[PDB]
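Chains, contacts and geometry: an overview
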Amino acid sequence: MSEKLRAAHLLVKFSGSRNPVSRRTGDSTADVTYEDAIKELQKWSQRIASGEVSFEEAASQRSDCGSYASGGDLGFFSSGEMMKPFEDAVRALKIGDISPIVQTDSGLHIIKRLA
């Protein structure tokens, strides 16, 4: 029951990740690798978890995905409406839970369930 979900996600792009331009670089993220990207995502995913910054604060600046202008959080969607490894993580956490560094087609993600 209840197919509708709400979640917040961050997206990091890296040199060669199909699209070498992040909202965090604006021009190109072709200088940062998947390692440097994980190095970065793991810090924001850390701070968001530790309480240094909120997902919103990190996402709006760092996330290359359109949710940068939304606060990282998305609206309501039907379970399975996202990406395979993305939704895999979303279902793997409840409200208030954040997922470990999950890579995707075009880069890196961390997601937390809002509802």
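Its PDB header attributes the entry to solution NMR.

**A look at the sheet that holds strand 2 (residues 73-78)**
Pairing is antiparallel across the open sheet formed by 4 strands, whose spatial order is 2-1-4-3. Looking at the sheet topology across the chains shown, the edges are occupied by strand 2 and strand 3 (102-103). Bridging between strand 1 (residues 4-12) and strand 2 involves 4 bridges; their strand directions are antiparallel. Each residue of the ladder has a partner; that of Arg-6, found in strand 2, is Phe-76.

**What to know about the side chain of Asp-73**
Mapped onto the fold, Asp-73 is located in strand 2. One polar contact links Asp-73 to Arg-6, side chain to side chain, over a distance of 2.7 Å. Discounting chain neighbours no more than four positions away, the residues touching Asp-73 are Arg-6, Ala-7, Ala-8, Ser-67 and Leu-114.

**As for the UniProt feature "domain: PpiC" (unreviewed entry) in the protein chain**
UniProt marks residues 2-115 with the feature "domain: PpiC" (unreviewed entry), using the numbering shown here. Overall, residues 2-115 shows 28% helix and 20% strand. The separation of its end C-alpha atoms is 11 Å.

**Some thoughts on the nonpolar core**
Nonpolar side chains in soluble globular proteins tend to be buried together. Counting 14 residues, the largest nonpolar core has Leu-10 and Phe-55 as its most contacted members. Among the secondary structure elements, those contributing two or more residues to this core are strand 1, helix 1 (34-50), helix 2 (55-62) and strand 4 (108-113). At 4 residues, the largest contribution of residues to this core is made by helix 1. The contact partners of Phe-55, leaving out residues within four places of it in the chain, are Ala-8, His-9, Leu-10, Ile-48, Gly-71, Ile-98, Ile-110, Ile-111 and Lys-112. Counting residues in hydrophobic clusters, the runner-up holds 8 residues, among them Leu-5, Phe-77, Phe-86 and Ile-111.

Cut-offs used in this document
- Residues numbered from 1 in each chain as written, not as in the entry; some residues may be left out.
- Heavy atoms only, no water.
- Pairing = 2+ DSSP bridges.
- Helix = DSSP H or I, 4+ residues; strand = E, 2+ residues; numbered from the N terminus.
- Polar contact = N/O pair within 3.5 Å; in protein donor to acceptor, adjacent residues only side chain to side chain.
- Contact = heavy atoms within 4.5 Å.
- UniProt positions renumbered as here; feature names shortened; annotations may be inferred.
- Core = buried A, V, L, I, M, F, W, Y, C linked by side-chain atoms within 4.5 Å.
- Buried < 20%, exposed > 50% of the residue type's maximum accessible area, 1.4 Å probe, protein only.

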